[PDB]
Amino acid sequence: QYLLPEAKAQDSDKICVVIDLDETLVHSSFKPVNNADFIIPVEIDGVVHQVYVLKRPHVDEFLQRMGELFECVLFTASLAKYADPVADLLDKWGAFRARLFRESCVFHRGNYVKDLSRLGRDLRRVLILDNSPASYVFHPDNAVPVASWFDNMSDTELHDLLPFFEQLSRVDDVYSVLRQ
């Protein structure tokens, strides 16, 4: 059975957007970072290591606005033990109606593929936002490309992507804009 429960009533009419974490919304690292947005302690084989998390610019405006426009789902290749605490801390608005992690990805030809068909949502109303063209090899026509973000604090891509999602949020069939 499908990766998601049935949409709640607030969410059923909306387009479902699958959103990536790392290098899409945040960039985390084991190397200490000086003025970090948050620091997550992560237990790895019994030893706690600090993870230094930087937020991509305009991520707050971005997530609060997508949480309105869409049934937003976090879908990352990372492990819950790291991604859940990052989410609790980023997601100030209850934007993510679900969280999917490494076990929900398909490992295909050495890549973590987000298989939109296991989602349980009509595919004409599913979008995937990911820095990584491989996570959507199976659904290239459901995808909004975004560049990988590491630390460039002049980045404006989340802000610049918003009027396009504003338009997508209203169509009956995303393929009518993307093209399948």
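Residue numbers here begin at 1 and follow the sequence given.
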Once you work out the mean C-alpha B-factor for both 122-130 and 40-48 from the entry, which is higher?
40-48
Taking the deposited Cα B-factors and averaging over 63-71 and over 141-149, the higher mean is found in 141-149
Just say lowest, middle or highest third for the CA B-factor of residue 99 relative to the other modelled residues in its chain.
lowest
For residue 19, return the chain-relative third of its C-alpha B-factor as stated in the PDB record: lowest, middle or highest.
lowest
On the chain's distribution of Cα B-factors, residue 93 falls within the third called highest
Quick check on the deposited entry: does the C-alpha B-factor of residue 162 sit in the lowest, middle or highest third of its chain?
middle
